[PDB]
Amino acid sequence: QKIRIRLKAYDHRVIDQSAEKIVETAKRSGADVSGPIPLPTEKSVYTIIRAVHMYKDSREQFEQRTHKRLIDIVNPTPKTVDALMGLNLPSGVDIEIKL
Amino acid sequence: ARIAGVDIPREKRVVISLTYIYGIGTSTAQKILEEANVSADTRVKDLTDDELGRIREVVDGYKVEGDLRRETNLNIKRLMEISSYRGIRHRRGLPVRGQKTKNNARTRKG
Amino acid sequence: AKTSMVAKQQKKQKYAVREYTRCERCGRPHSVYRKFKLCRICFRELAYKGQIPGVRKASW
Amino acid sequence: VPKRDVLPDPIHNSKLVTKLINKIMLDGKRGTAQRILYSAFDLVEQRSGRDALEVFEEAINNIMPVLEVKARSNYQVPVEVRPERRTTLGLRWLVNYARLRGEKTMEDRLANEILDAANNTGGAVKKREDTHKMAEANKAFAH
Amino acid sequence: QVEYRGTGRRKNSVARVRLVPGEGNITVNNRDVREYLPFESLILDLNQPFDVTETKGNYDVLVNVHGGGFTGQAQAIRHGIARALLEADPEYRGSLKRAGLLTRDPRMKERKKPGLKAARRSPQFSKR
Amino acid sequence: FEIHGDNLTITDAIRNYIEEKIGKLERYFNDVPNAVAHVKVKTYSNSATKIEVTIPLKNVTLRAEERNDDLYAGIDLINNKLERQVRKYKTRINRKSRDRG
Amino acid sequence: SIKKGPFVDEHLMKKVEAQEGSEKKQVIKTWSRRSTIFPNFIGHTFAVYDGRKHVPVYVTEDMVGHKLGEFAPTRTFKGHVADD
RNA sequence: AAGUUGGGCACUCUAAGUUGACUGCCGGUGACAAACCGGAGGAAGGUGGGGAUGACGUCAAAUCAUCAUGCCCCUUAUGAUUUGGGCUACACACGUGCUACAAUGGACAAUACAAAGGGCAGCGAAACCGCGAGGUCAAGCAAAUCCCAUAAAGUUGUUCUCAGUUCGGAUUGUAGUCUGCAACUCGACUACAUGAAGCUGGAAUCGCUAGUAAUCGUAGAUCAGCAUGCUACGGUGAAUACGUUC
């Protein structure tokens, strides 16, 4: 019954500091905020070979981080509406507004 | 013999004593023995003349004989004769999809 | 050959599938993803440039 | 370098039976190995009505040599064999001589064997002997 | 009543053990263990905390376990209980920690890696 | 046995010639499961004759190697190396027995 | 297989329906790979580009486990030392 | 019915910052010092587990056919589009690996426990059809929510009672499903039957010091279609390490 969003960053602090400054914007004119609920941060892989032609066995692994970061707030006022849509940087997040 | 087909075994269970005949496997078993409502139970021929009505009647309803070696003979003279791009390959040991003959001595090649 | 295979792939087709998607930068056809359309060794070639995350390396 | 304790066997509150299971525990399938073994208990504890531990300690002590040898060109030496390797020795000659009986069931050959050496018969008592024949034939050229 | 608590973790198999004094009676997720774990008749070793610490016993069992198959799941039982008895009273660390029971042996399945095929073995070599 | 040769199409007189002259060494011991040969041609601009060969062994393998003007003289070298090799490998060894106590 | 049911190249069909009325011709250079049997292609004799060139055949009644996608096994003698 | 409903975040679990294991501390030993053994605590005590990382140089190692490029050469072609074959043929060997040579077994029927990832017109849910393949509509879903999904081995009772076997399913052909217009040379998969050698492999030779070896399955890439391969995930679970003779 409150705002709910999903943040996806590929450097593991911007989720936290961005989450908290926008929380500051959010409780400035408002209150009743649920925190940065962690999600498992699923991964990826790319089994790449250390070669050009042959020697398939000598290989290596690039991968990826895909974090999800679930943040809410209840009891809206249109000023915490602006707390969502007032500050978004660093915008490497996959910011998605909902309710 | 005994009822029909070719060479019913002796003291073998019906559900596979059937499987011996030329063209009976496994699902065929439960079919043709269900069509007489019998059970074997357990390793062994266990028949009397009672269910012989239905085990003798059902077994006549299929081509479990050398007529399947005839109809086989027809399928092969068919396939080989036509041109036949599968009549040369009827002998190599190839199904319809080819088989990339490299390892083959074989069970299906001399 | 190569230079005209480049034009072979990007011109039209008869129907859906007699067509390939090799790598853009290098012409490496085989063993290439469809995510980024980038071959085996172009990603390494441009992984070290570190434009993207990307990681590199060794946790799994 | 130490040797992978078994806590107890929770059957008999023993230890040796587990040490044997782990040689029978093919595929790690203790369920089927302790199956075939428990079957072994009731069967052998039926025939010649007794316990495992009687035919077990008996027959395991009847095949168990107190000597065996080793090479070192290759000169074959007599030595009092150490005890735990002597244990797994009796276990191993036991079971490996067991399966070659040409007998169908999981257990009958086993109880046949421990009952064999229980009366100082069987080829594992025999190999115990030949070990103890080479040994003391092996005293001259090596001791 | 008063349910002591220990929490065990082996092989993806967490053991939220709700130990409580009483009789001693098993519920693997609202279900007795005996029928449950294949086959299995190795439950003597699972009441080991009663075997060697405040022996005999007993205290009553509720337990909320999930993950893995029976084995490491049947091994977080121990650390669940013993950690719950050190939680009960560490009086008997000198008969627990003489049997360990708090060493969650962290061994596991290592990553896969080149050469490893359908079962883990180094390759065969080329010859002659 | 295994013979791949780049920038040239092999012939047959060389086969009987080289492999028979290798067969002469069953004095010691042949033992002839594998015999991998190897060649190439390489502008300098005097421009090549690569003559390279393995002659692998029981429990071990080997290497003889040579570059030449010409394949006959250049081959008499893949042989009159392996000879001395196989010879030693057999001498060796150590028998001068000697009781003990 | 086919998904209910048989197909044909249809540019050959434009040929047969043309040569089908009169005393039917029996000479064809064609392509004949994705064209399976049916009995309007009769009265006409087929030489299909085998992989190198075209190769005739007298069409005949028994043609049931057969089709014109190829009837000349193209591996060309054989490839092999022994015969069949 | 149900963590579903309302309630609680306690607890597993959850992703960020935090110590803890650093011979740190105690005893012995030792040229006292370096340092070795044991002890205490501890979850971890001996570079904790594993990975990342490959010094100087050797192989004129592989690579112009990743990419670029020194020299040479073609340029009505060695350049080019278009359709078809074919890169897959096999008297032969080899190497590689997958699968049986069975009663711990094989087949039947009931039953439980995993992890990890992927998903938009993509993951396909029930209900429906059928021997199955598969198809009907569409529940739910950019995901700790809906789907792939169900786990397999195990266990439960039955039977099989040592065979060339209820082992074996190669083979050949009969019949259906899915793909792409397209399954002949050349996609697998679905029921029918056919049921070969093979009853544990000579000489020879290879890996492995413990959750190993050995063993059962899951999913990702490539992907219209296609894995006895590879990759990642797990679940089950051994013998041996005297001594460095050799």
# chains A, B, ... in the order shown; residues from 1 in each chain; ligands from 1
>>> interface_residues(of="chain A", to="chain C", cutoff="10 Å", atoms="only C-alpha atoms", output="list in words")
residues 10, 11, 43, 44, 45, 46, 47, 48, 49, 50, 51, 52, 60, 61, 62, 63, 64 and 65 of chain A
>>> write_last_selection(atoms="N, CA and C atoms", output="compact mmCIF listing (two decimals), in the first residue's frame")
# COMPACT_ATOMS: atom_id res chain seq x y z
N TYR A 10 25.57 -1.80 -10.79
CA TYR A 10 26.74 -2.62 -11.05
C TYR A 10 27.98 -2.06 -10.35
N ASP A 11 27.77 -1.28 -9.28
CA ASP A 11 28.78 -1.00 -8.27
C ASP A 11 28.09 -0.93 -6.91
N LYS A 43 23.80 -13.75 -11.05
CA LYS A 43 25.09 -13.55 -11.70
C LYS A 43 24.96 -13.96 -13.16
N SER A 44 26.09 -14.00 -13.85
CA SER A 44 26.16 -14.55 -15.19
C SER A 44 27.55 -15.14 -15.38
N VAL A 45 27.87 -15.54 -16.61
CA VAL A 45 29.15 -16.16 -16.90
C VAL A 45 29.41 -16.07 -18.39
N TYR A 46 30.69 -16.10 -18.77
CA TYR A 46 31.09 -16.24 -20.16
C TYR A 46 32.39 -17.02 -20.21
N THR A 47 32.29 -18.29 -20.59
CA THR A 47 33.41 -19.21 -20.62
C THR A 47 34.26 -18.96 -21.85
N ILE A 48 35.22 -18.05 -21.71
CA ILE A 48 36.03 -17.58 -22.83
C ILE A 48 37.38 -18.28 -22.82
N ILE A 49 37.86 -18.58 -24.00
CA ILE A 49 39.10 -19.32 -24.18
C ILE A 49 40.27 -18.35 -24.28
N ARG A 50 41.39 -18.78 -23.72
CA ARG A 50 42.63 -18.03 -23.76
C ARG A 50 43.38 -18.47 -25.01
N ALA A 51 42.81 -18.17 -26.17
CA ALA A 51 43.47 -18.56 -27.41
C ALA A 51 42.79 -17.88 -28.59
N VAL A 52 43.29 -18.20 -29.77
CA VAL A 52 42.81 -17.68 -31.04
C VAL A 52 42.38 -18.84 -31.93
N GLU A 60 39.04 -19.16 -19.62
CA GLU A 60 38.82 -18.27 -18.49
C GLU A 60 37.40 -17.73 -18.53
N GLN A 61 37.06 -16.99 -17.48
CA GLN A 61 35.68 -16.70 -17.16
C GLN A 61 35.52 -15.22 -16.88
N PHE A 62 34.71 -14.58 -17.71
CA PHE A 62 34.13 -13.30 -17.38
C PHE A 62 32.72 -13.58 -16.88
N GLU A 63 32.20 -12.69 -16.06
CA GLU A 63 30.91 -12.87 -15.43
C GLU A 63 30.26 -11.51 -15.30
N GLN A 64 29.27 -11.40 -14.42
CA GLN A 64 28.48 -10.20 -14.33
C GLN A 64 27.77 -10.21 -13.00
N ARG A 65 27.44 -9.02 -12.53
CA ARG A 65 26.60 -8.86 -11.36
C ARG A 65 25.29 -8.21 -11.78
>>> closest_atom_pairs(of="chain B", to="chain H", cutoff="7 Å", atoms="only C-alpha atoms (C1' of nucleotides)", output="tab-separated table")
residue	atom	partner	partner_atom	distance
B:23	CA	H:193	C1'	5.0
B:24	CA	H:193	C1'	6.6
B:25	CA	H:193	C1'	6.8
B:85	CA	H:184	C1'	7.0
B:97	CA	H:186	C1'	6.7
B:98	CA	H:186	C1'	6.9
B:100	CA	H:88	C1'	5.6
B:101	CA	H:90	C1'	6.6
B:102	CA	H:90	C1'	6.1
B:107	CA	H:196	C1'	5.7
B:108	CA	H:171	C1'	6.4
>>> write_last_selection(atoms="N, CA, C and O atoms", output="PDB file, in the first residue's frame")
ATOM      1  N   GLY B  23       7.518 -61.541 -34.110  1.00  0.00           N
ATOM      2  CA  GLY B  23       6.818 -60.283 -34.200  1.00  0.00           C
ATOM      3  C   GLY B  23       6.038 -59.938 -32.948  1.00  0.00           C
ATOM      4  O   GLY B  23       5.063 -59.183 -33.014  1.00  0.00           O
ATOM      5  N   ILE B  24       6.459 -60.473 -31.807  1.00  0.00           N
ATOM      6  CA  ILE B  24       5.905 -60.096 -30.514  1.00  0.00           C
ATOM      7  C   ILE B  24       7.046 -59.560 -29.668  1.00  0.00           C
ATOM      8  O   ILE B  24       8.104 -60.187 -29.571  1.00  0.00           O
ATOM      9  N   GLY B  25       6.843 -58.387 -29.078  1.00  0.00           N
ATOM     10  CA  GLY B  25       7.769 -57.841 -28.108  1.00  0.00           C
ATOM     11  C   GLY B  25       7.162 -57.804 -26.724  1.00  0.00           C
ATOM     12  O   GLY B  25       6.946 -58.856 -26.115  1.00  0.00           O
ATOM     13  N   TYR B  85      17.940 -44.915 -54.665  1.00  0.00           N
ATOM     14  CA  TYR B  85      18.925 -44.250 -53.825  1.00  0.00           C
ATOM     15  C   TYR B  85      18.966 -44.799 -52.398  1.00  0.00           C
ATOM     16  O   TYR B  85      19.953 -44.558 -51.694  1.00  0.00           O
ATOM     17  N   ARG B  97      18.024 -41.686 -42.558  1.00  0.00           N
ATOM     18  CA  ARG B  97      18.726 -40.445 -42.244  1.00  0.00           C
ATOM     19  C   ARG B  97      20.230 -40.493 -42.500  1.00  0.00           C
ATOM     20  O   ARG B  97      20.930 -39.552 -42.108  1.00  0.00           O
ATOM     21  N   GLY B  98      20.752 -41.549 -43.109  1.00  0.00           N
ATOM     22  CA  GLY B  98      22.203 -41.720 -43.156  1.00  0.00           C
ATOM     23  C   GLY B  98      22.777 -42.010 -41.784  1.00  0.00           C
ATOM     24  O   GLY B  98      22.110 -41.887 -40.761  1.00  0.00           O
ATOM     25  N   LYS B 100      26.745 -41.884 -41.399  1.00  0.00           N
ATOM     26  CA  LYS B 100      28.141 -41.442 -41.338  1.00  0.00           C
ATOM     27  C   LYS B 100      29.071 -42.612 -41.002  1.00  0.00           C
ATOM     28  O   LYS B 100      29.668 -42.695 -39.928  1.00  0.00           O
ATOM     29  N   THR B 101      29.159 -43.533 -41.956  1.00  0.00           N
ATOM     30  CA  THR B 101      29.850 -44.794 -41.727  1.00  0.00           C
ATOM     31  C   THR B 101      31.351 -44.558 -41.623  1.00  0.00           C
ATOM     32  O   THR B 101      32.029 -44.362 -42.636  1.00  0.00           O
ATOM     33  N   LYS B 102      31.860 -44.573 -40.406  1.00  0.00           N
ATOM     34  CA  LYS B 102      33.289 -44.469 -40.125  1.00  0.00           C
ATOM     35  C   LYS B 102      33.768 -45.523 -39.144  1.00  0.00           C
ATOM     36  O   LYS B 102      34.865 -46.059 -39.314  1.00  0.00           O
ATOM     37  N   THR B 107      28.199 -55.070 -37.149  1.00  0.00           N
ATOM     38  CA  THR B 107      26.948 -55.826 -37.088  1.00  0.00           C
ATOM     39  C   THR B 107      26.114 -55.709 -38.363  1.00  0.00           C
ATOM     40  O   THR B 107      25.367 -56.634 -38.701  1.00  0.00           O
ATOM     41  N   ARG B 108      26.213 -54.575 -39.062  1.00  0.00           N
ATOM     42  CA  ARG B 108      25.519 -54.350 -40.321  1.00  0.00           C
ATOM     43  C   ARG B 108      26.482 -53.932 -41.435  1.00  0.00           C
ATOM     44  O   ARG B 108      26.173 -53.032 -42.221  1.00  0.00           O
TER      45      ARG B 108
END
>>> closest_atom_pairs(of="chain H", to="chain D", cutoff="12 Å", atoms="only C-alpha atoms (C1' of nucleotides)", output="tab-separated table")
residue	atom	partner	partner_atom	distance
H:102	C1'	D:104	CA	10.9
H:103	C1'	D:104	CA	6.5
H:104	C1'	D:32	CA	5.8
H:105	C1'	D:106	CA	9.5
H:153	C1'	D:29	CA	8.9
H:154	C1'	D:31	CA	7.9
H:155	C1'	D:31	CA	8.6
H:161	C1'	D:104	CA	8.4
H:162	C1'	D:104	CA	6.6
H:209	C1'	D:1	CA	8.0
H:210	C1'	D:4	CA	8.5
H:211	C1'	D:28	CA	11.2
H:213	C1'	D:27	CA	10.8
H:214	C1'	D:27	CA	6.2
H:215	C1'	D:27	CA	5.1
H:216	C1'	D:27	CA	10.0
H:235	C1'	D:28	CA	11.9
H:236	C1'	D:28	CA	6.1
H:237	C1'	D:28	CA	3.7
H:238	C1'	D:22	CA	5.8
H:239	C1'	D:23	CA	7.0
H:240	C1'	D:85	CA	9.5
H:241	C1'	D:1	CA	5.9
H:242	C1'	D:82	CA	9.0
H:243	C1'	D:72	CA	10.9
H:244	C1'	D:72	CA	11.8
H:245	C1'	D:72	CA	5.3
H:246	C1'	D:72	CA	6.9
>>> select_by_dssp(residues="chain E", states="strand (DSSP E)", output="ChimeraX atom specification")
/E:5-10,13-21,59-66
>>> atom_distance(atom1="atom CA of residue A:57", atom2="atom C1' of residue H:117")
23.7 Å
